[PDB]
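What follows is a pair of forms of the same protein chain, given separately as structure tokens and numbered structure 1 and structure 2.
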Structure 1
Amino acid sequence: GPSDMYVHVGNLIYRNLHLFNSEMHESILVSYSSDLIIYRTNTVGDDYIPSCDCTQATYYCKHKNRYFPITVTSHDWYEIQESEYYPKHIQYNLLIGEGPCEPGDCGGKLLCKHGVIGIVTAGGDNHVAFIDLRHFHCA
């Protein structure tokens, strides 16, 4: 679902870490260095995470309730500074292009021609960052 702030492939859920409030489960994986939690759920999704290397993409902006086309660049690591909630740490496997960003936009799906490749994790003045989900998925 285009407006869904999470990624759902099969029985798996890919979701921002701080967007988690729910129950502890056996299948829960957590990447503190990527603000990502992965777990299994009872329902099934139609999302698909490709094993590609695309950069010509598009993503969902929540506070505008619309999709922006975007060209992104892959970063091995990047200094993600400190906001009120969490400190200035290092986040691995990021995607970055220019685009609008405002609080409450995390989970916004980023897609290429093959499927969902990431979700909004942070942004700044006219630049937005995504978790590269391709790294946390098997071909």
Structure 2
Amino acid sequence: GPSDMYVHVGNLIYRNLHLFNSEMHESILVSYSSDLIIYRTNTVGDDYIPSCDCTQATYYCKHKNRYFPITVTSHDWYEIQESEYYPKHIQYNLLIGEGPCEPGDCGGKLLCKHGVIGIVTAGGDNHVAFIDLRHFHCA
């Protein structure tokens, strides 16, 4: 659903590594540099990760409990200021754009007209960053 804070495609669940990492040894894929973890699940999800290059997007902002349109820009990597879960660091495979973000917002879905392309991973001042999931799926 629109409010689910993760992506569920077939039997794969995509989530923020910093909010998983507990059963990390049971996961199927981990990208430490991208705050991403993927694992097998027993139910089938209906999300779909496309392989487009869209920048016209929309995302779920948990603390506002609503969706916001957003224009995102790709970044192979980018500096990310310290937080409550990650200290100052460079993160990779990002999508950034302007919009609200507060602690607890990670996992929120970012979608383009084709499907889900990311999940919230970080928030700065007036900007929000997402993991570009298109980079972890075969076309």
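For numbering, take structure 1's sequence and count from 1. Only the largest set of C-alpha atoms that superpose within 1.5 Å between the two forms is called the rigid core.
*Where does the C-alpha shift reach 2 Å or more between the two structures among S27, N65, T43, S51, given a fit on the rigid core?*
It is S27.
*By how many angstrom does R134 shift at its CA between the two structures when the core is held fixed?*
Here the C-alpha difference is 0.0 Å.
*asked:* Could you state, for a rigid core superposition, the Cα shift of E82 between the two structures in Å?
replied: On core superposition, this C-alpha lies 2.2 Å from its counterpart.
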